[PDB]
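Everything below concerns the one structure shown next.
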Amino acid sequence: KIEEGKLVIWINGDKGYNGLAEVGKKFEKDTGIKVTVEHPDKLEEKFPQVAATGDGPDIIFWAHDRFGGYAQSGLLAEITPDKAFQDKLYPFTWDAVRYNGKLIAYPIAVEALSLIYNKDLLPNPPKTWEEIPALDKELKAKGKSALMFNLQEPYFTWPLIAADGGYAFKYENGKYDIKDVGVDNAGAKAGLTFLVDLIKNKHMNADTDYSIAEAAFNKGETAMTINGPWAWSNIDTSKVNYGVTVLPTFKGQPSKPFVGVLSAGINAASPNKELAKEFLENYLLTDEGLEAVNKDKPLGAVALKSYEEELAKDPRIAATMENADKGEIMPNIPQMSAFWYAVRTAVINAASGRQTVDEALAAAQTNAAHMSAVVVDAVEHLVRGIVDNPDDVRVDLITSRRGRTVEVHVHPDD
Amino acid sequence: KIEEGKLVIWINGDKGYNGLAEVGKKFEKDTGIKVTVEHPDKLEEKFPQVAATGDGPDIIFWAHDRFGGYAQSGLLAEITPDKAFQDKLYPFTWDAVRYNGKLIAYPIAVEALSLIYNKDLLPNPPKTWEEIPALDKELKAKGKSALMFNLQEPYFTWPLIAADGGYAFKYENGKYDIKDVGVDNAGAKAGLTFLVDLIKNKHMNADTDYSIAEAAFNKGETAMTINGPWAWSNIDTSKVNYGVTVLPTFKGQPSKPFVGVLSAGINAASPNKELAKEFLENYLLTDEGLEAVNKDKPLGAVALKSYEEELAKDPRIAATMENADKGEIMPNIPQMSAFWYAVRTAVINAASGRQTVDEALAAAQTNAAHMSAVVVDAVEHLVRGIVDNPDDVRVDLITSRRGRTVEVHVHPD
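What follows is the structure, given as structure tokens:
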């Protein structure tokens, strides 16, 4: 069980072995309550099991994308901050810690993709996607390219696709309409078409993945890449002279990257919910607290307005927050399995010419809107089985059972 | 171990508790060698397990369709009948008991579908499929139908489909070419088209299954049906005065039903292979032997020429044998799973209008030729998962990996 009259906190070692602990000591000095920071292996996988039995930590620190499942299982306590504390943090950050219109965590830090550029090759990076083709033709004459980033993962390609109207699941009044999918609207098609045209006119290659793009940028072969703050320290050691800025606009509208929010959740089984609220609101989420943590390991852009104004004096942190403000918060709902599955396939097919942009995104619309996570797992399981089979496996099947038609086709490529 | 100096025989109870035993007694009377006829449950599943460890019976009686798998596992001894003994049996029966051009069993009896007709409704049954629509129009005026049989199972529909051309797997020596499938030739398409047209002009219902057909014929509601010797006794107890005759021709060519051949295999681990050969050749496969068995439970049409001529005095048995001669021996290989799956689906889709005959049989060709039993099981598993799901599940997926394209589609009908 969880012991009364103390605080046990779980956070990943990569957020700082000393920082949060120092805030803990300050809390203990004022209140006499002992704060203990632990870093157990796979704590994101451990917490849901331990907490389901009424054990585990009082507080858990993790990216908001796991907090949806925890909230669904009734493992997180509903938090009760007043409009005053809430005004101290950026309004959007609160959207990452709402589940069925209920606040279930405190937002700490904000993370998102920015345009990373090589200042020696390109002192003035382009404001628009539209002017990249021209820039690439010019750079190709010097044996360089304009832009390389991961085309294989939707996380990276979505910002362009979403610029003119694309969305995953409609977010309005603190609620996700899981039936309102925005994968095959005019805007989605316009964006993916521009991406495919970049590949057709050989400004980009559909094969380019994360590691290939990182190699290219860090060797000074490409003037720009699209990546997050996790990629900065590799560039630092590379001694490429880099800047981080706002993502290019498409059709006059900003690229909309998905936003991840490091959050602090209170265990529903914790007998110390009031101590947790006191610690998180009045010791951690202050200039003094976030400074203690940041001095240990930098948080990047933070939810707390007062301290973000300080950190944003680093223009790379300012870039991260601007791109996050203009982006969309990544849905923490089960249907994102279907979204990722659908869109990953759709962009690989559109980039390879296997499907037209229209065909690809129409299919992805259907999949994202109508495939449960278990259905995705079943379909993928079948696909793996067949694809990994060495024999000449071919299928041309159409079966209709119980008012439902299922087709399966397996054949070599053309 | 299998005991030397005596015979243990396994056969299903339904082939007679006394008949084969009687031939065993005669063998014992002449030779002094004890023959024991046993009837264990699921002996077709038991034999492969026990014989793999060098145990089980000296001789096993079963349909040849399981003898392919036994022969593959090296569980059946090569039999050594001379050309003289082989000429005593119908040539085509030998093809059912060959594996890699090696004889692995003695053929006993032959079974196949025939045209069963109600003599009071139809004293003169039709020689051709072509004349059935007109015959139905006439019988419909008297509140009756011409023909009802199981359309759900390919066992029953294939005879018409294969009439003009079409085969499951190609066979040479005792070998079936698993890549050479004959499902989507013009002959198969012409036959399935005639079946679909019967359904379209409402001479038959696409829903009609085994029990529905049996009910209809045994209640005198339909003049004809297509069925095997297993179905005869239920008609005997029914009000219906029936005959069994040759199946109708399509485009002047006989319907080609699949043939099942009850066969006698000698266990490869038997120390009594010579006693077994003596018993099977010179006691069982004789007029006297097959008589002892038949008087217990009928064998139907038999492989032995001399005794088939006697049994064929019954026109129903004559019919079974003629439709077997004109049919094709059922392949005894594991790929028949893929064949049945492909063709079951193809005929349901063609009969229901989901697919054209052409598309249905082209698809069935691909499936039968290139779906392992593993692949069929994986596909089928997914399909059940999805179809049974209450939510509004829809999929429009095309993925390509490692030079292979996979499509999956789920939508309402």
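If you read the sequences in order, they're chains A and B. Taking the numbering used here, the leading residue of the first sequence gets 89, the next gets one more, and so forth. Taking the numbering used here, the leading residue of the second sequence gets 51, the next gets one more, and so forth. The beta carbon of each residue, even a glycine, is placed where N, CA and C say it ideally should be.
8 Å contact criterion, which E161/B and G278/B should meet: CB distance rounded: If you number the second sequence from 1, residue 161/B lands on position 111. If you number the second sequence from 1, residue 278/B lands on position 228. About 6 Å; that satisfies the 8 Å criterion.
Buried versus exposed call for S343/A [16 or more other C-beta atoms within 10 Å across all chains shown]: On the first sequence, position 255 is the one that residue 343/A refers to. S343/A is buried by the Cβ-count criterion.
DSSP-derived helix/strand/coil call for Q99/B: Along the second sequence, read from residue 1 onward, the residue named residue 99/B stands at position 49. Helix, per DSSP.
Whether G270/A touches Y259/A by CB criterion (7 Å): Along the first sequence, read from residue 1 onward, the residue named residue 270/A stands at position 182. Along the first sequence, read from residue 1 onward, the residue named residue 259/A stands at position 171. Between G270/A and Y259/A, the CB-CB gap reaches or exceeds 7 Å.
C-beta atoms of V294/B and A369/B nearer than 7 Å: The residue you call residue 294/B lines up with position 244 of the second sequence. The residue you call residue 369/B lines up with position 319 of the second sequence. Cβ atoms of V294/B and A369/B: closer than 7 Å.
Inter-residue spacing [alpha-carbon to alpha-carbon] between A392/B and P204/B: Here the question's residue 392/B lines up with position 342 in the second sequence. Here the question's residue 204/B lines up with position 154 in the second sequence. Take the alpha-carbon of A392/B and the one of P204/B: they are about 9 Å apart.
Contact set between the stretch 476-489 of chain A and chain B, restricted to residues whose Cβ is under 9 Å from the partner: Correct list: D476, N477, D479, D480, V481, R482, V483, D484, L485, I486, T487, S488, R489.
Spatial distance of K365/A from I121/A (CA atoms): Taking the first residue of the first sequence as 1, we reach residue 365/A at position 277. Taking the first residue of the first sequence as 1, we reach residue 121/A at position 33. For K365/A and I121/A, the distance between alpha carbons rounds to 13 Å.
Environment of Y156/B [buried if 16+ CB atoms lie within 10 Å]: On the second sequence, residue 156/B is found 106 positions in, with the first residue counted as 1. Burial call: buried.
Limits of the beta strand (DSSP E) - the one that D265/A falls within: Working through the first sequence from its first residue, we reach residue 265/A at position 177. Start and end: 263-270.
7 Å Cβ cutoff met for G112/A and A380/A: Translated into positions along the first sequence, residue 112/A becomes position 24. Translated into positions along the first sequence, residue 380/A becomes position 292. Going by C-beta atoms, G112/A is not nearer than 7 Å to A380/A.
7 Å Cβ cutoff, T395/B in contact with chain A: Within the second sequence, the letter at position 345 stands for residue 395/B. At least one C-beta of chain A is nearer than 7 Å to the C-beta of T395/B.
Pairwise C-alpha distance: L201/B and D257/B: If you number the second sequence from 1, residue 257/B lands on position 207. If you number the second sequence from 1, residue 201/B lands on position 151. Approximately 7 Å between the Cα atoms of the pair.
Contacts of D463/B in chain A (Cβ-Cβ under 8 Å): Residue 463/B sits at position 413 when you count from the first residue of the second sequence. Here the neighbours are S488, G491, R492, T493.
Interfacial residues, the stretch 453-476 of chain A to chain B, with Cβ spacing under 7 Å: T454, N455, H458, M459, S460, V463, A466, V467, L470, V471, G473, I474, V475
Cutoff 7 Å: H459/B Cβ touching any chain A Cβ: On the second sequence, position 409 is the one that residue 459/B refers to. Put simply, the CB of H459/B is near chain A, with a gap under 7 Å to one of its CB atoms.
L95/A and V123/A closer than 7 Å at C-beta: By one-based count along the first sequence, residue 95/A stands at place 7. By one-based count along the first sequence, residue 123/A stands at place 35. For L95/A and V123/A, yes; Cβs fall inside 7 Å.
DSSP beta-bridge partners of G331/A: Residue 331/A sits at position 243 when you count from the first residue of the first sequence. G331/A pairs with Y205/A.
Neighbour flag for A413/B against chain A, beta carbons, 7 Å: Taking the second sequence and counting its residues from 1, the one referred to as residue 413/B is at position 363. It does: the Cβ of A413/B has a partner Cβ on chain A nearer than 7 Å.
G348/A in three-state terms, based on DSSP: The sequence position of residue 348/A within the first sequence is 260, counting from 1. Correct three-state label for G348/A: strand.
Spatial distance of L164/A from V464/A (CA atoms): The sequence position of residue 164/A within the first sequence is 76, counting from 1. The sequence position of residue 464/A within the first sequence is 376, counting from 1. Roughly 27 Å separates the two Cα atoms.
Cα-Cα separation between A410/B and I276/B, rounded to whole angstroms: In the second sequence, counting from the first residue as 1, residue 410/B sits at position 360. In the second sequence, counting from the first residue as 1, residue 276/B sits at position 226. Roughly 23 Å between the two C-alpha positions.
At least three beta-carbon pairs within less than 8 Å, the stretch 295-306 of chain A to the stretch 454-468 of chain A: Contact fails: fewer than three Cβ-Cβ distances are below 8 Å.
For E396/A, the three-state DSSP class (helix, strand or coil): In the first sequence, the residue the question calls residue 396/A occupies position 308. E396/A: helix per DSSP, three-state reduction.
Delimiting residues of the alpha helix (DSSP H) encompassing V443/B: Translated into the one-based positions of the second sequence, residue 443/B becomes position 393. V443/B -> no alpha helix (DSSP H), and no H or E assigned at all.
Residues, ordered as in the chain, of the stretch 181-194 of chain A that lie near chain B by beta-carbon distance below 8 Å: none
Closer than 7 Å to chain A by CB, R366/B: Taking the second sequence and counting its residues from 1, one reaches residue 366/B at position 316. Between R366/B and chain A, the shortest Cβ-Cβ separation is not below 7 Å.
Between the CA atoms of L201/A and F346/A - distance to the nearest angstrom: Here residue 346/A refers to the residue found at position 258 of the first sequence. Here residue 201/A refers to the residue found at position 113 of the first sequence. Whole-angstrom Cα-Cα distance: 8 Å.
Within chain B, partners of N437/A - CB distance below 9 Å: Residue 437/A sits at position 349 when you count from the first residue of the first sequence. Ordered by position in chain B, the residues that pass the 9 Å Cβ test against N437/A are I448, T449, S450.
Alpha-carbon spacing of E128/B relative to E324/B, whole angstroms: The sequence position of residue 128/B within the second sequence is 78, counting from 1. The sequence position of residue 324/B within the second sequence is 274, counting from 1. Their Cα atoms are separated by approximately 12 Å.
Length-filtered (4 minimum) alpha helix (DSSP H) runs lying within the stretch 195-268 of chain B: Qualifying alpha helix (DSSP H) stretches, in chain order: 204-211, 236-250, 260-268.
Closest Cα partner of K92/B within the set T81/B, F77/B, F111/B: Here residue 92/B refers to the residue found at position 42 of the second sequence. Checking every option, the nearest Cα to that of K92/B belongs to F111/B.
Beta-bridge partners of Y194/A, as assigned by DSSP: On the first sequence, position 106 is the one that residue 194/A refers to. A352/A.
Buried/exposed call for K267/A, threshold 16 Cβ in 10 Å: Along the first sequence, read from residue 1 onward, the residue named residue 267/A stands at position 179. Exposed: under 16 other Cβ atoms inside 10 Å.
Close beta carbons around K177/B, own chain, < 7 Å, minus the five adjacent residues each side: Sequence index remark: in the second sequence, residue 177/B carries index 127 (1-based). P298, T299.
Min CB distance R116/B to chain A below 7 Å: Reading the second sequence from its first residue, position 66 is the one you call residue 116/B. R116/B does not count as touching chain A.
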